[PDB]
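Text of the file run18.pdb, holding PDB, C-alpha atoms:
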ATOM      1  CA  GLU A 145     -33.926  -3.581  28.636  1.00  0.00           C
ATOM      2  CA  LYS A 146     -37.053  -4.652  30.517  1.00  0.00           C
ATOM      3  CA  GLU A 147     -36.850  -1.548  32.695  1.00  0.00           C
ATOM      4  CA  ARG A 148     -36.748   0.624  29.573  1.00  0.00           C
ATOM      5  CA  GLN A 149     -39.525  -1.297  27.825  1.00  0.00           C
ATOM      6  CA  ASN A 150     -41.782  -1.200  30.878  1.00  0.00           C
ATOM      7  CA  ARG A 151     -41.161   2.521  31.337  1.00  0.00           C
ATOM      8  CA  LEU A 152     -42.070   3.154  27.707  1.00  0.00           C
ATOM      9  CA  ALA A 153     -45.094   0.864  28.037  1.00  0.00           C
ATOM     10  CA  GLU A 154     -46.457   2.742  31.040  1.00  0.00           C
ATOM     11  CA  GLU A 155     -45.822   6.006  29.202  1.00  0.00           C
ATOM     12  CA  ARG A 156     -47.873   4.631  26.301  1.00  0.00           C
ATOM     13  CA  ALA A 157     -50.663   3.452  28.606  1.00  0.00           C
ATOM     14  CA  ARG A 158     -50.720   6.814  30.377  1.00  0.00           C
ATOM     15  CA  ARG A 159     -51.009   8.671  27.083  1.00  0.00           C
ATOM     16  CA  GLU A 160     -53.769   6.229  26.142  1.00  0.00           C
ATOM     17  CA  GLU A 161     -55.775   6.879  29.303  1.00  0.00           C
ATOM     18  CA  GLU A 162     -55.242  10.597  28.713  1.00  0.00           C
ATOM     19  CA  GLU A 163     -56.872  10.254  25.300  1.00  0.00           C
ATOM     20  CA  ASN A 164     -59.656   8.127  26.780  1.00  0.00           C
ATOM     21  CA  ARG A 165     -60.585  10.631  29.489  1.00  0.00           C
ATOM     22  CA  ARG A 166     -60.227  13.314  26.819  1.00  0.00           C
ATOM     23  CA  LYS A 167     -62.763  11.684  24.505  1.00  0.00           C
ATOM     24  CA  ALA A 168     -64.931  11.130  27.583  1.00  0.00           C
ATOM     25  CA  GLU A 169     -65.002  14.834  28.447  1.00  0.00           C
ATOM     26  CA  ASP A 170     -65.595  15.631  24.776  1.00  0.00           C
ATOM     27  CA  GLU A 171     -68.681  13.403  24.761  1.00  0.00           C
ATOM     28  CA  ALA A 172     -69.697  15.057  28.038  1.00  0.00           C
ATOM     29  CA  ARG A 173     -69.556  18.439  26.310  1.00  0.00           C
ATOM     30  CA  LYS A 174     -71.704  16.934  23.555  1.00  0.00           C
ATOM     31  CA  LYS A 175     -74.128  16.165  26.378  1.00  0.00           C
TER      32      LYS A 175
END

Step by step, read the file and then write its structure as structure tokens.
Amino acid sequence: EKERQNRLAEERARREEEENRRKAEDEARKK
């Protein structure tokens, strides 16, 4: 269970950092 939950949690965090760098490069284009 913990293996599964941690895997899903890192998948979530990776998607989150994807969106963060994405908004970052968007703002960069606005610059």

One-decimal distance in Å that lies between atom CA of residue A:149 and atom CA of residue A:166: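 So the answer is 25.4 Å.
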
Atom pair atom CA of residue A:147 / atom CA of residue A:163: separation (Å): 24.4 Å

Gap from atom CA of residue A:161 to atom CA of residue A:145 - Å, one decimal: 24.2 Å

Calculate, to one decimal in Å, the centre and edge lengths of the box along x, y and z of the file that holds all listed atoms of stretch 145-159 of chain A with 4 Å of margin on each side, and present them as JSON.
{"center_x": -42.5, "center_y": 2.0, "center_z": 29.5, "size_x": 25.1, "size_y": 21.3, "size_z": 14.4}
